[PDB]
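Engineer: I need the structure of the sequence given here:
(7 chains, ligands or ions: 5)
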Amino acid sequence: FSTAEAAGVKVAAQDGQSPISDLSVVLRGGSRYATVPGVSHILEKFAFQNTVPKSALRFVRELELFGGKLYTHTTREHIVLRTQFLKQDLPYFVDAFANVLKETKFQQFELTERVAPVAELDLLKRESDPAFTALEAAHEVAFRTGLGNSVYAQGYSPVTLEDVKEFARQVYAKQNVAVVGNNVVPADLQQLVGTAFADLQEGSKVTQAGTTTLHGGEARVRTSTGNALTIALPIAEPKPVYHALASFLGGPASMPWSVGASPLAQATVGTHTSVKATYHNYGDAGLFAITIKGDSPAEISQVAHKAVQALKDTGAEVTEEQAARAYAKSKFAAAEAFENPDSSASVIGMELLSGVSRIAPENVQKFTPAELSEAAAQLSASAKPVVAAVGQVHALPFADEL
Amino acid sequence: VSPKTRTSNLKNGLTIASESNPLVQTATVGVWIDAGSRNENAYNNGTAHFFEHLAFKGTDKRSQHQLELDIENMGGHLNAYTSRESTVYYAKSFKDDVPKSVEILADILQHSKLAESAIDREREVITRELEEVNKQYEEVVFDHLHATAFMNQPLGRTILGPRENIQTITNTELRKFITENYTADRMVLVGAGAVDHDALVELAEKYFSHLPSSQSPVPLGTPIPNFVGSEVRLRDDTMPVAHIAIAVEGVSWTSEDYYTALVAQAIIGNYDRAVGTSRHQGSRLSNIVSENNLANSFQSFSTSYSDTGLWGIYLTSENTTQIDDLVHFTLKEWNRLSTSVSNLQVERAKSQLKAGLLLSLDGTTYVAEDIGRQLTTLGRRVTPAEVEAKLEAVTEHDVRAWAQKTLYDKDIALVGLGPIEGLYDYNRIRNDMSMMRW
Amino acid sequence: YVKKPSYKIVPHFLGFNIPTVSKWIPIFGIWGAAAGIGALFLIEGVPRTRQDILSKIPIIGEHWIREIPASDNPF
Amino acid sequence: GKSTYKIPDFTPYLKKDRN
Amino acid sequence: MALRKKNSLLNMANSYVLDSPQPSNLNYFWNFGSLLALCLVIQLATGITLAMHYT
Amino acid sequence: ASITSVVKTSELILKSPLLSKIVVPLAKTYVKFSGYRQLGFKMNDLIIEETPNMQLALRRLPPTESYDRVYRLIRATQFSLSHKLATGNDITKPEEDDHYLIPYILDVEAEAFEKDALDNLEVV
Amino acid sequence: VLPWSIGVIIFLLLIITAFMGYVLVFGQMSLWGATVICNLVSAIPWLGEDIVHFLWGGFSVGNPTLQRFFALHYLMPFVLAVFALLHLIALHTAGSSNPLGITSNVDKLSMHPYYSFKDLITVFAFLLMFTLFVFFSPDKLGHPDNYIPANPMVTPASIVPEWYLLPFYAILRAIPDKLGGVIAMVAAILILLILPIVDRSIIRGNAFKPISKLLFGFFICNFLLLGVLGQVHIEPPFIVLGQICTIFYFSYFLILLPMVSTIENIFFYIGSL
Ligand code: HEM
Ligand code: HEM
Ligand SMILES: CCCCCC[C@H]1C(=O)O[C@H](C)[C@H](NC(=O)c2cccc(NC=O)c2O)C(=O)O[C@@H](C)[C@@H]1OC(=O)CC(C)C
Ligand SMILES: CCCCCCCCCCCCO[C@@H]1O[C@H](CO)[C@@H](O[C@H]2O[C@H](CO)[C@@H](O)[C@H](O)[C@H]2O)[C@H](O)[C@H]1O
Ligand SMILES: O=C1C(O)=C([C@H]2CC[C@@H](c3ccc(Cl)cc3)CC2)C(=O)c2ccccc21
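Structural biologist: Residues are numbered from 1 along each chain as shown, chains lettered A, B, ... in the order given. Ligands and ions are numbered 1, 2, ... in the order given. See the structure here:
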């Protein structure tokens, strides 16, 4: 991705040999920047609604004539709007993003009838997975505000059209926009973005209201639709070793119909439960989570004990073999992340919008057993452990039990 | 312009097909087999799926645990799926981990232990899978749809097989199955991503050279299906959403009408109320359904097999009192494929497909799945230029001709699952397959 | 590179356009034949229909040329 | 009796040339 | 629930002549509908009666 | 006829200096004689609403404007049945006769007519 | 539009019922009326003349015709009551309109007691007018000639149909062509079917449309003028006058209403800005 600049907008493109271009506008407008709860999700779903030049209807019907697709998501850090189209149709999609950032008519009816109902369906579909809810709840406990704001719009806290319009005034500005083109000729994109986003506000860098504070605690979301448990440990100093530790501890199977040879995977033997260790870097804070879903609260409780034991055992001793297995699983995770278009866009988005150089998969650091055991030790000896239980919460573990 | 798909053969008849992408750092190698559940008879139905479990249950060299560790150490993952006509076994890894993965795949396919102890262990695991697919409503509908459309024929069988078979599958009949079916002339080793073709052919010469060849080597994607217009209703008032599939006998991979049927499928299109853009799609049915809140979703499909296919639509709806309207309007939209379509719909759908057929291939696993699917169904990879030419050849007249012979006034296979009290009886649904006004 | 999709709106009226209607022109033809055949069939009994239409048809038309002998006709 | 994927026997009624 | 609403036959009468919700401001020109109904009833009564006497 | 039609045609008239000079005074007198203001209506209260499009426009009204519309219609219905006219504050003053609904129906219809147009597009 | 369109058919059926009933007296006007109505189908080319004979069941109006008119006059009112019921059922989806032409969904009243008691006032006012005719002047609305028995050899020199058919009769007289005259007369009723199309107003009804109310006043008065011209002698200058009134009648639906309704739309919008 040759990072450049076109009329004050950061543009990253990587030419390829494919008939398919993905052009992504990454906005520094994720939930951590959210003025009110859920507004970044609403703003994401309000992209490609009616603009002044072109109605949502006309946009969608013309996009289908080029056979383009549109995909949007919100993270805690960014909103990503990605279009997938054929190489040749690049100018149209550049101009369409320009129309979205410059001239979206945020009309109250779109919010009532179109955007809010779809945002509500988006979140209900995600919550069908109790693991999602547990990890969302865990961020809420761990960070409270900022990173702790919910990513998604919920019914209990309504976003008004004034809230979304205010947020979009800040976000839709040269300072918070990165254009990332996968399989786009970098010279051609700079020229197009330079003509299309010239009249975009300069605006200001969106900032998090307040610095990131970490906290421990418990969240007990009573659902009837599956059971999950996150054991999260907020990190005050995000380090790349937690990626290695996440991949080492593992949890998912690397083979169909198997358990896996990862410590967390071996914690699920005898149970129809899954486990996944994940680490989320947010620049200034981090979250190491171990999420356990399953249908039996008794099994989840059983696994949760084994899971925290596994982390303590890692703090004791890692073998050289295990450390190499971690390097391999971590390099692989980095590679497939840079391949998947959704995550790719946000990776380079981070690099462009913040300044955090992307760690290329070929440059992922090899962590010694010393460094990994040290990292697991810090986590086992965390002063602020978070535990988010979802489902039959009366039967799931509590933080002080773990 | 995508890079050229290179193709080589071995002596035994194993095809190696590769598409390099020097822009990515991972690589998906795998083996696509032109064999699946369809290749069983009624006694050993479920064997192919059974094998998929046992493939990862250890080999003559590496045990189950050693296997697990070897792949963990590689860094990527292995994955397999058995369908009715195709079995796939692939390994996504890093660029320089490809020799390990080809070696592991060659081992699990040729030199699987299939130990009585492991057969007996999986016999419970697979039995439990029979009562957990129950939840995947899409799959329940489509499994019933095949069962009914191809009543008592090989395609009509499920993949998991009946409970009875799972209890009686022996290592003998598993061995016999993979000896008869997983032959070199029926397999394609596919590499996509950071693979060199010449390197992959060397790996195939090293690992897949002692593969059995079949006695009678037919070309890849070589097949007698007699579709049954029929319905299954699985009424379940406790379910909130009704899932209905309707299908007619569709087209095989090699049909002259294959592209015409895809175009037709794109004219009806898909719809999902959860996607923001879907209320604005051009599809007539999409407009009717969204304006009237008739469905949560519909998804046209055209599933093809070597010698037949199903073409149809899969609907989900919570509007349980207007399912009659939903089915009515859907089939009236199919009728208009026969009576009304003109250059307006056809050119719009062709434009949406010209992109769609290339959009699908966006990661190394999708590319590999496309290479593998095409090589095992057509015997060659069809280049984007040839695909664009075949689509351009589809005219409005061709779509009308195809619809009039395939859809219009034809028997349908209808499966309804859930609160489908409101779905009328078979006659009234089938009566909508024609228009008295035409 | 393509800057804009290339299309026109065809003239339309009450949701009919000439492409669509032109595909139905044959069908109106057949329904007009069905209405013609059917109408003529309904009035085949009407004496004027025989006199002026049906008796004029070659070969077949003799079916409708029937005279009552004046010996058997009171009127 | 149990499996819903084993369509009941329709051979007494099914026409061979149905299509 | 009121009989007039429960019973299918009464419910049809009810919906026309009793509970039928009408705008509150209809003026006297909305009365012709019922006069035409009355004419129609008179015509049927006198008509059938004349038919008993007419040849 | 569609509100779009009426609004575009009105805009053609208000553009042409000659036309506006002769039509605007006519229309103002017409509206005075129309006398809907004497029942406390705004012009837009009189638009036929039993149409898909209009029902959708009326659902889009802000709650405030919607509640007030209901009140004006109730009040006018009551004047009508009593054969009285509005007096005092109930009479719609020219400054209160705002086109509260026109923006909503024009948006509804804009989309509906675009939808009809795009249903008839021909790839070139 | 549906109750309206069903209504237009009720209006045609009433005309045919009332006419078929007129013929049953078999006075002079009765027989002649029968002749003319049964000859309107002669307008229909080719088959026309044969249909006429078929509807008479003879070569002239005679016994056969009178007996079939009796059968149908008895029947037609029950058909008319069906259609009257149907147009109410069609109306029940939208409910009655109201004199403001706004929705009434905001303010509804039960049919009873309010309109039941309101309808009694007109029942009694109707019966007062009924009583004055029936008891005091039963023959004011009748034609003397119907008290002469039917003589197929003469038609009265003063042919004037029922007061209510007079408007369409003047229309039929106006047009000097056979088929023309018949078409125009039927079209004068069937043209009501197009009001839903040709009224281009965005506003329902005329309470608030001064120009439309004036146009409607002239249309109604013209329909009354046609009525009057239906009963004068066919002489100058009423021949030309009847033609002008016929053109005005049709031009209301075809020209004036579409134009006036378009202009008033614009006047409402401009006038209220
Ligand atoms: C036997 C003759 C008829 C009877 C008994 C009859 C009766 C009625 C009644 C009771 C109503 C509802 C109350 C009212 O509005 O007055 C009504 C409404 C209506 N009638 Fe008639 N009607 C007859 C003939 C006609 C004709 C000939 C037409 C049209 C040409 C017509 C059109 C309508 C319409 C459009 C309505 C709805 C009007 C509204 O309430 O705004 N009817 N009729
Ligand atoms: C809409 C309903 C009806 C209308 C408009 C209607 C109209 C008429 C008219 C105008 C006459 C000529 C009356 C005269 O000048 O003497 C008449 C006669 C007659 N009607 Fe009706 N009629 C209706 C319903 C009925 C019904 C239901 C019957 C049932 C048989 C009937 C039986 C008669 C009979 C027997 C005569 C001839 C005796 C006579 O002239 O009085 N009518 N009708
Ligand atoms: C006994 C139940 C059978 C249902 C049908 C009987 C009649 C029926 O429904 O009566 C109702 C009272 C109706 N009036 C109204 O809608 C009405 C509505 C609003 C305002 C007023 N008045 C205003 O001030 C009304 O008057 C009416 O007069 O219509 C007759 C014609 C109906 O006859 C038939 O269709 C069948 C047949 C005898 C014609
Ligand atoms: C002499 C002829 C014999 C039958 C004539 C009697 C009256 C005509 C009835 C036919 C119309 C019935 O058609 C249907 O009936 C139902 C049953 O009340 C009515 O239904 C109406 O009232 C009911 C309750 O009162 C409501 O739930 C409903 O929302 C409303 O539409 C309506 O009127 C009409 O939707
Ligand atoms: O010449 C006529 C004549 O024209 C009508 C006429 C007037 C109304 C016509 C009519 C009006 C409207 C319709 Cl929808 C159908 C017929 C029917 C024929 C008569 O009723 C008449 C009665 C007695 C003697 C002569 C005559």
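Engineer: rest of the way, CA atoms for contacts and neighbours
Structural biologist: Noted.
Engineer: Touching, residue A:222 and residue A:395? I think so.
Structural biologist: No - using Cα atoms under 8 Å, residue A:222 makes no contact with residue A:395, being 10.8 Å away.
Engineer: what's near enough to touch residue G:158?
Structural biologist: Counting by Cα atoms under 8 Å, 6 or more residues apart in numbering or on different chains, residue G:158 makes contact with residue G:233.
Engineer: which SS class is it?
Structural biologist: Following DSSP: H, G, I helix; E, B strand; the rest coil, we place residue G:158 in the coil state.
Engineer: For the stretch 1-150 of chain B, just list every one of the strands.
Structural biologist: For the stretch 1-150 of chain B, strands defined by DSSP state E, counting those that start in this stretch occupy the ranges B:6-9, B:15-20, B:26-33, B:77-82, B:87-94.
Engineer: Could you tell me how far the last one lies from the centre of the chain?
Structural biologist: Here strand B:87-94 shows a centroid-to-chain-centroid distance of 17 Å under the convention Cα atoms, centre = their mean, to the nearest Å.
Engineer: Direction included, what does that strand pair up with?
Structural biologist: Using DSSP bridges, strand B:87-94 pairs in its sheet with strand B:26-33 (antiparallel), strand B:77-82 (antiparallel).
Engineer: what does the last one contact?
Structural biologist: Around strand B:77-82, the neighbours that count as contacts under Cα under 8 Å, 6+ apart are A:254-256, B:36-37, B:48-49, B:52, B:71, B:87-93, B:159.
Engineer: Please name the residues that touch the nearest residue to residue B:348 once chain neighbours are set aside.
Structural biologist: Distance criterion Cα to Cα, 6 or more residues apart in numbering or on different chains; nearest residue to residue B:348, sequence neighbours excluded, is residue A:65 at 6.0 Å. Contact analysis of residue A:65 by Cα under 8 Å, 6+ apart lists B:348, B:351-352, C:5, F:123.
Engineer: So which of those sit within strands?
Structural biologist: residue F:123 (DSSP state E).
Engineer: got the CA coordinates for the lengthiest helix in chain F in PDB?
Structural biologist: Counting residues, the longest helix in chain F under DSSP state H turns out to be helix F:63-82. Taking C-alpha atoms only, helix F:63-82 is exported to PDB below (Å, rounded to 0.1, in the frame of the first residue of the first chain):
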ATOM      1  CA  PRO F  63     -45.000  14.500  16.200                       C
ATOM      2  CA  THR F  64     -45.600  18.200  16.900                       C
ATOM      3  CA  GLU F  65     -46.900  19.000  13.400                       C
ATOM      4  CA  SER F  66     -48.800  15.800  13.400                       C
ATOM      5  CA  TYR F  67     -50.600  16.400  16.600                       C
ATOM      6  CA  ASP F  68     -51.500  19.900  15.500                       C
ATOM      7  CA  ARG F  69     -52.800  18.700  12.200                       C
ATOM      8  CA  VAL F  70     -55.100  16.300  14.000                       C
ATOM      9  CA  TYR F  71     -56.300  19.100  16.100                       C
ATOM     10  CA  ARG F  72     -57.000  21.400  13.200                       C
ATOM     11  CA  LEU F  73     -59.000  18.700  11.500                       C
ATOM     12  CA  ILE F  74     -61.000  17.900  14.500                       C
ATOM     13  CA  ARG F  75     -61.700  21.500  15.100                       C
ATOM     14  CA  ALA F  76     -62.600  22.100  11.500                       C
ATOM     15  CA  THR F  77     -64.900  19.000  11.500                       C
ATOM     16  CA  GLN F  78     -66.600  20.500  14.500                       C
ATOM     17  CA  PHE F  79     -67.000  23.900  12.800                       C
ATOM     18  CA  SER F  80     -68.400  22.100   9.800                       C
ATOM     19  CA  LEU F  81     -71.000  20.200  11.600                       C
ATOM     20  CA  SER F  82     -72.100  23.200  13.600                       C
END
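Engineer: anything in that helix sitting right up against ligand 3?
Structural biologist: No - using Cα under 6 Å from any ligand atom, helix F:63-82 stays clear of ligand 3, coming no nearer than 11.7 Å.
Engineer: Determine how far that helix lies from the middle of the whole chain.
Structural biologist: For helix F:63-82, the distance to the chain centre is 15 Å (Cα atoms, centre = their mean).
Engineer: May I see the buried residues of the next helix or strand after that helix?
Structural biologist: Next helix or strand after helix F:63-82 toward the C-terminus (DSSP states H and E): helix F:102-118. Using 16 or more other Cα atoms under 10 Å in any protein chain shown as the test for burial, helix F:102-118 gives F:102, F:104-106, F:108-109, F:111, F:115, F:117-118.
Engineer: Run the contact check for helix F:102-118 versus chain A.
Structural biologist: Yes - residues of helix F:102-118 are located near chain A by Cα under 8 Å from any Cα of the partner chain, namely F:111, F:114-115, F:118.
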